[PDB]
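Heads up, what comes next is one protein chain in two forms, each shown on its own as structure tokens, labelled structure 1 and structure 2.
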Structure 1
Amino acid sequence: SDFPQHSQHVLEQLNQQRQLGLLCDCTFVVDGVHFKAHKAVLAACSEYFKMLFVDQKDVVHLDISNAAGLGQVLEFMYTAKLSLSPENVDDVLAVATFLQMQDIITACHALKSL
């Protein structure tokens, strides 16, 4: 495979690892929900997570997290897809905002404009 195919393969393996809860290296506990993930992927997809995990910066802003929003943010990171609904959009928007994730922010505003 060349870079496109080879990269898709790696990310799908990482997504499988996450879904299975195996070969993950970080767990977030929020609102009673445990989310397993890879710090490297989170830092690849969010400047907030990059500076948190690398530079130990702005840790307390994590209390903006909610399960609905973080759930969606993680799905997006690993699959490039969201399932937004009128019910979760504001929660997702709040999380995506502090995570500085523009494509999710845009998707949230896109749904709200309907």
Structure 2
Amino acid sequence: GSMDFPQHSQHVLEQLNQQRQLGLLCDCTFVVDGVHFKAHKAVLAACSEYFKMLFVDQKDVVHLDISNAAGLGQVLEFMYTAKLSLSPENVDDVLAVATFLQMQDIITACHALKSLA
């Protein structure tokens, strides 16, 4: 029937991050404050409806350059690590951009932390 799905997905993700840090099989460039960072098209799409829509047919969606977004640097790291780097100064910014990106794990993570503070 099945094996352990949370354990398996973890190993797969940890492997996709290792591929990234080595430029291995990366097929796009994710821009952050002007800076290029290699990434897997499939993974950005897996994380965000916005990126999904962008590779399928970009002409059809909102032309918003989020390259300079406050919190965006934290969002790319999360995608591949499932680790979020929040601080009292950056919670709102990360939340705002993840809400735009439609990334629910981060939305509820930030909401969770905000509720405690």
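Residues that one form lacks are left out of the comparison. Think of the rigid core as the biggest set of C-alphas that the two forms share within 1.5 Å after superposition. Start at 1 and count along the sequence of structure 1; that gives the residue numbers used here.
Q56 C-alpha relocation of at least 2 Å between the two structures, rigid core basis: For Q56, whose C-alpha is compared between the two structures after core superposition, the shift is less than 2 Å.
Please determine whether the C-alpha atom of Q16 is displaced by 2 Å or more between the two structures following superposition on the rigid core. Yes; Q16 is a residue whose C-alpha shifts (by 2 Å or more) between the two structures when the cores are overlaid.
Can a Cα shift of no less than 2 Å be assigned to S46 between the two structures, given superposition on the rigid core? After core superposition, the C-alpha of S46 moves less than 2 Å between the two structures.
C26 CA shift between the two structures in angstrom, with the core used for superposition: C-alpha displacement of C26 between the two structures: 4.5 Å.
Where the core is superposed, what shift in Å does the CA of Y78 undergo between the two structures? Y78 is displaced by 1.1 Å at its C-alpha.
Which residue stretches between the two structures come out as moving, taking only runs of at least three where every Cα shifts by 2 Å or more after core superposition? After superposing the rigid core, the shifted stretches between the two structures are 2 to 41, 57 to 68.
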